[PDB]
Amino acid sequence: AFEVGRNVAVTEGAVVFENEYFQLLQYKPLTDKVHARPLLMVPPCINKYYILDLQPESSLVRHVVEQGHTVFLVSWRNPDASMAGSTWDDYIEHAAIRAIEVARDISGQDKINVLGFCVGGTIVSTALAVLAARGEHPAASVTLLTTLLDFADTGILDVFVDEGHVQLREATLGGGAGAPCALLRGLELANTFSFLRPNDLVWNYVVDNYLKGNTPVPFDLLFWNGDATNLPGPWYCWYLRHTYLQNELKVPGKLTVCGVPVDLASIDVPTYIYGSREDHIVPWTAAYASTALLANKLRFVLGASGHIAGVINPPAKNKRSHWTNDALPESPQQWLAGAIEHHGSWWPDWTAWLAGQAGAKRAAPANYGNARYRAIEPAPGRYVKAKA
């Protein structure tokens, strides 16, 4: 039976910082030397971080640590009633930008590597764009795994498109500015698989039972997906309105966040973009659309299989395949037509790229954090253990 901290999320480490929003974990080195620049991972806040450190055999964290990188990770607070009014901006400032600042401080480096996964990627991208408009450039590189930046054709609009009346007269839309997200208060249950689907006792019961008895969806995934998290009402409103519905984050300067316009092209650092071919949560062609929005040197890699199966594919198992193509045409079909299929995991491709941005190796740290930020408790930390 799965248990966080006993047989799931067991990579050794410590919490080195915490605030209302999150706990920053730092993992124990597993090598004698490590790269100068550490990697900060920003996982999604829809479901918990541990999908990235699921079990020892399948852990991305462990794998990266074993390649000689110092890893820091944002373990999100499962929000309580005091955070029922927390906003998208609050998370960007007090968690994403904060985590970057703390990791950079502990590392002693001018620049760190950053990774985002799913909504984590959208969060980290936004945070870095906010930072760039402030004239700050704390990232050497960005890795976006299964991240949506351009939300075109995610399908939430579809059932409404053919409901308009046939007009015999000049007609105009309503055109109003929406009721502000700040007028809501609440905690709404969320999970990854059913994020755009019902979340109610009956649906959760019927679906969970059907999957277990009629499909080979793995138990570890069902465990993680079932360990729900609460989303603050204004946060959830903002995300739904400005990405899925209005698709504005990809329009340079359209949105204002934490006092500045968000222009994704302003992040401007080497960026590794990943998608999974059979992913219906983040269509691979939607992840690919990030290539049209970001500056600097980009690499796109496509992994075989599903949303979780494609991303969590450790090389030791020698399973699946991935595709690479150095050229980045506008159209994903054109990208694929030119791509070469390679056996196995895409992890080695990424860690090779990451090594290139991480500087020279030096002796590994013996302790966690620094004088300012000392160890608080062992990873995985108590925040990840909180029920929604």
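Numbers follow the displayed sequence, beginning with 1.
Higher-scoring stretch by recorded Cα B factor average, 258-266 or 138-146:
Higher mean C-alpha B-factor: 258-266.
Taking the recorded C-alpha temperature factors, which stretch has the higher mean, 346-354 or 359-367?
Mean CA B-factor is higher for 359-367.
From the list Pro234, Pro283, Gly303, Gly178, select the residue with the highest C-alpha B factor recorded in the entry.
Top of the list by C-alpha B-factor: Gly178.
Reading the B-factor column of the entry, which of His307, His242, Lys111, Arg197 has the highest value at its C-alpha atom?
The record points to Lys111.
Third of the chain's Cα B-factor distribution that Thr172 belongs to, per the entry
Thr172: CA B-factor falls in the highest third of its chain.
So where's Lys33 on the chain's Cα temperature factor ranking, which third?
Top third by C-alpha B-factor.
Please rank the C-alpha B-factors of the chain's modelled residues and tell me whether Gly213 sits in the lowest, middle or highest third.
Ranked within chain, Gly213 CA B lands in the highest tercile.
Among the modelled residues of its chain, does the C-alpha B-factor of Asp89 lie in the lowest, middle or highest third?
Its C-alpha B-factor, which the entry lists for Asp89, ranks in the lowest third among residues of this chain.
Quick check on the deposited entry: does the C-alpha B-factor of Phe160 sit in the lowest, middle or highest third of its chain?
CA B-factor rank for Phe160: highest third.
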